[PDB]
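Residue numbers (the deposited numbering): 2 to 1274. Ideal Cβ placement from N, Cα and C applies to all residues, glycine included. Structure first, then comments.
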RNA sequence: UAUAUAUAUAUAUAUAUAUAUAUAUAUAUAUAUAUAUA
RNA sequence: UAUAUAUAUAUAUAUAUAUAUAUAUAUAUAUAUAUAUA
RNA sequence: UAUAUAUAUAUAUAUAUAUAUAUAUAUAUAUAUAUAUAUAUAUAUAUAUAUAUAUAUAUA
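Quick look at the structure:
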């Protein structure tokens, strides 16, 4: 491969290491990283010359047809709009224009350019129209290019490097070498052809270059001109090329994707063109697979347990597939082909359909094909001008087909109107439901509990926030002089900052401020319009409390919130799998825009009236959250009007209804556009975070229930449909979360419902939603779409396109981040490639290349010095990336499921133990006195020679700079503290409780001499945590950066030869692997697409353990003792301390002090303390006391039973008696089991039984040291 | 000039039957290559 | 040279899918004729 | 409306006193580490004295 010869020497070495030829070393690790940072990026394109492509792809010159930008922008009413070219009002995206004329030249790199300083000045100072339009166009065009985790060229360099040389085979019988090869990929050939336009003297000038402040462009010569779309096309091509290789797809499918992108790029508005024909691929493949005759195969047999509210499922065998079970819904070929005819891409459909017809039976190949084809959709984070986005989304109002007549209301109650009893229909149903819930909320001593009140107030504060300026204005307007703490370096717009200002003020004085402006933000998306973030101010968030509370009660006490408890997201996995099984018919539904359709004229007025009436049952004089009862005029009786008191809850409703009727008033201040901030109101619900899911899920459930039980039976025609539609209820037939929803039909007896009845049913539902202005957007394709998860016949399909390898969202014109953060990006990037099942061997190779580039970085003072550093590669091992090849071992023996942290280290060393010991003896002189785990052979020196300690400690170092304090600012720190504590401790009982607990605790901890300095979670530190978070949200000063680099280097250079005490002790255990465990399911049945004999290790791991989490006796430790806690503190810290105390045998008052330290009253403290026992605790619950946790990668596997009865901590016939844990086994055995299973999961291949065989020291010695360490911390 | 109904012709779509072509799967025969045995 | 296994090609048979042609039925559009109304 | 004088209030500057916070220096106490000195114990080396053995020289 001449390309391998083209690489420079260090990169050739790195490629050899990645191929598994040689063990990786820090030396070559640096040489590769360094040289990448010094050579120009264009050379990566230069590498493409040495690929003899043989693919049938032609790049039409139609691409280079820049449409003039001047006609794509205009300003009216002093705002820069997009003025769409086509008559479609949605063409509001970046056009296809030549950016060239707007460029100057840089002094550093003369070839590339940036915006004219003249243009931006005139747009800023003169507000000149054309200047502003040019600026806006330049800003957004640059931003669209910036939507990548790093420069795409670097990723392309990674792909070439790994693909430059075939990987060496391992000894495994399932290690199939790659079937795909270069010179056959249409993507790379396409990149070659298109890039031929950008060379002048064989130099291959990149069309653009991304920088921290955005992206720069190259000035074209007089002959040529660069269209911004080309850059986007390159990114899509590179992303597709990487994905195709990792997914190992046929070149034909990649060919179709290339043609797909080219056609989109040829026309104007590359983004808009792609967006229009988005769903073509899933419709062609996923929605229509088995609509033929030769159907068959094996399918999972999943059963839903009787208490369906618990969402518990059981795998109970397999089911043979046959024609009677084949999908009933019509295919999707006709509409898709009709759409494709518009863009004359019918060939793509013909190719896809013909290829699809080669999979008549459901098996691994079929789903693998589906996974690959669905991976063809564009992975670009689309971005448009926020001004257009806000103008296009919130300009919608629902259309009600039968409005509530005005005569249907009673007389006013000051603001609200009650609903007349004579009114029926869905509105009546909605009214009663909310009213009933309001009644239940009304009398509930759960509130007025001071602890619960603390939870609600604390829930309102986060590091982020907004609308602070509106807050300061509104209160200053009403004569309220708020405090300030600027010297305490914390952002004013933080929700924390405004909360501190409010602490002292009597609440009712603030009531006028709730009718104030709210700022807004935008977050871009991959396959849809960008999302919206609308953070209310703290006061508004407080007022809306009743709305949330009632919604919560509706959810938690009707359909159990339809999984909106979100305890572990994986509970939806078995649900959709069950929903997609052949015996069941499922329908996917979701509100078209629930945020935009909920409104006051129809919905909120009804809810407000119901809540206000529902609160009538209760003491009319009972203040709630500092809101006192007031007098309101009642005008229900025209003959006898009067005024009566109303409780604080009702007063809240009175104002809340007023606000909703007035409509939200937003203020847009987009930065990408130029000087165009303004404010306009809308009825669109905020819906900026999970706090909105409760309301929409409640209304979603309510309307669905009424439709099923009342509207549909009264209106449908088919008698058979009526027969099956009856005996159906939401609690066992429907789930939802926000707009999203799933509806599944009762099992038709050995049969399926007529599509005719389905059409009748679906039609009526659409009309039902049309009544009150909900577009239901339903579909029926015998698949499962819920929370962006896809299941087909009980097999999960990872939609990889939603996690593009290169793409990353950036919501601001500047990246605003520092170099070390890139490491965390790499770690998160790699995990997705594990969550989604890719070719695990090749994905690992690519990951290391990414890591190598990220391993190095530098910084420069605003005026002064530069700084630099880089990590030894062992860091990434500690961070959770398996090594490819260790010295003395064979490559590719470590599975991706290897746990991060100490566990991964221990497992690696445990396997590597014997070779290290023997090799150290030959190579080095013995150490001077005996070692606990090692002999005299002195492996630690060898590890230092490998730089293991350097990497091990380097990964421990922090990666974000720290802000500095000040003393007059500390007066503000105290002022900030005092007020935060004041806001937290509204009453006095909590303060007395915490103070008593803290005083007793330190007294006990010192006098009993457990230890001193134990940072125990307590409420007094919660404000401190808030303050630190608030100060951290600020951009750090350069001095902090310099401290980081210096500290990091010193930590790297310091010669240390010891791990943490825990890892040192963990090495004392010897673990061995026996035979394979009995299988969970039939290996024939596919469960996750791509986890097949080709991708062996995933296929092994899933097959052995089974995917369905089925903790019938374990419950994965979710039964934490402290169900109710305040924000800021960590439950996982609290229970760990409690168990640690219990193991240490502390006296009960120690528990009492600790519990009282977090607000628990003495009585409940005793009650809680009594529950603490080593028996009822779960394996993971107790094992976490020493930070032994379950890796996130395991959350999709049924590891419970294995850990329970497959990891033998003491097998009688194998273990040495020295390792017998004896009585301490009650808390020793879980630790050993966790270590054992971690090692077993580390190695590749099938899961084997794990057995402790020996502890070098006695088990007693191990337990004693552990108790010491537990007492120390 | 227009609307409605009926008949006839032509075009398009859907269903069924027959013929031809192409693709895929399975079986059998023949040829060629590679491996093993004699 | 023969046997056995694997791969590829060609021929024949059977099944499935798609396309094209012809026939029949149904729907829609257009033209022409006839009737009725304006 | 203005000027001059006196009194009172508010703001700004400067000086002095008191309180609180932060930094620096000095003193005292306590803990830990290192060095040195003195005493006691054990080991090793060297020197001197006495006894015994062996070798060599001289005398009888």
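- For residue 221, the number of other beta carbons within 10 angstroms of its own is at least 16, and it is reported as buried.
- Rounded to the nearest angstrom, the gap between the Cα atoms of residue 939 and residue 1010 is 37 Å.
- Residue 911 sits in a helix when the DSSP states are folded into three classes.
- The alpha-carbon separation between residue 241 and residue 153 amounts to approximately 12 Å.
- Under the three-state reduction of DSSP output, residue 526 falls in the strand class.
- Shown here, residue 948 sits in coil according to DSSP, grouped into three states, outside any helix or strand.
- Listed in chain order, the alpha helix (DSSP H) elements of length 4 or more contained wholly in the region 264–319 are 271–277, 281–286.
- Beta-bridge pairing by DSSP links residue 420 to 410.
- With contacts defined by Cβ atoms closer than 8 Å, residue 43 and residue 206 form a contacting pair.
- Rounded to the nearest whole angstrom, the CA to CA distance from residue 526 to residue 1271 is 46 Å.
- Here residue 959 is exposed, its C-beta having fewer than 16 other C-beta atoms within 10 Å.
- Restricting attention to 109, 623, 322, the CA atom closest to the CA of residue 298 is found in 322.
- Look at residue 216 here: in three-state DSSP terms it is strand.
- Residue pairing by DSSP puts residue 793 in a beta bridge opposite 796.
- Under the three-state reduction of DSSP, residue 17 is assigned to helix.
- The beta carbon of residue 184 sits closer than 7 Å to those of 52, 53, 54, 55, all from its chain and outside the five residues before and after it, given in chain order.
- In the structure shown, the three-state DSSP call for residue 390 is helix.
- Within its own chain, the residues whose Cβ lies closer than 8 Å to the Cβ of residue 1035, once the five positions on either side in sequence are excluded, are 490, 491, 492, 964, listed in chain order.
- For residue 417 against residue 610, the beta-carbon gap comes to about 5 Å, under 8 Å, which counts as contact.
- Runs of the beta strand (DSSP E) lying entirely within the region 1060–1120 and spanning at least 3 residues, in chain order: 1070–1077.
- Taking C-beta atoms as the reference points, residue 880 and residue 956 count as a pair closer than 8 Å.
- Look at the region 508–592 and you find these whole runs of alpha helix (DSSP H), each 4 residues long or longer: 539–544, 546–557, 573–580.
- Secondary structure of residue 851 (DSSP, three-state): helix.
- If you ignore the 5 residues before and after residue 745, its C-beta comes within less than 8 Å of the C-beta of 580, 585, 586, 587, 588, 734, 735, all in its own chain and listed in chain order.
- Note on residue 147: 16 or more other CB atoms within 10 angstroms of its CB, so buried under the neighbour-count rule.
- Distance from residue 766 to residue 731 at the Cβ level is roughly 14 Å; contact not present, criterion being Cβ atoms closer than 8 Å.
- With a contact defined as Cβ atoms closer than 8 Å, residue 1181 and residue 1101 miss out at about 23 Å.
- When Cβ pairs closer than 8 Å are counted between the two stretches, the region 257–276 is seen to touch the region 221–241, the count reaching three or more.
- Unbroken alpha helix (DSSP H) runs of no fewer than 4 residues, entirely contained in the region 1166–1241, are found at 1180–1184, 1201–1206, following chain order.
- With respect to the C-alpha of residue 1268, the residue from 1229, 567, 1242, 884 having the closest C-alpha is 1229.
- Shortest Cα-Cα distance from residue 633 to any of 1129, 351, 648 involves 648.
- Contact check between the region 1247–1265 and the region 1069–1079: three or more CB pairs, one atom from each, fall below 8 Å, which counts as touching.
- Each residue's CA atom was taken as its position, placing residue 924 and residue 1226 some 40 Å apart.
- Beyond the five residues adjoining it in sequence on each side, residue 35 comes within less than 7 Å, by CB distance, of 857 in the same chain, given in chain order.
- A contact is defined here as three or more CB-CB pairs under 8 Å, and the region 15–27 meets this definition with respect to the region 847–855.
- With fewer than 16 neighbouring CB atoms inside 10 Å of its own CB, residue 79 falls in the exposed class.
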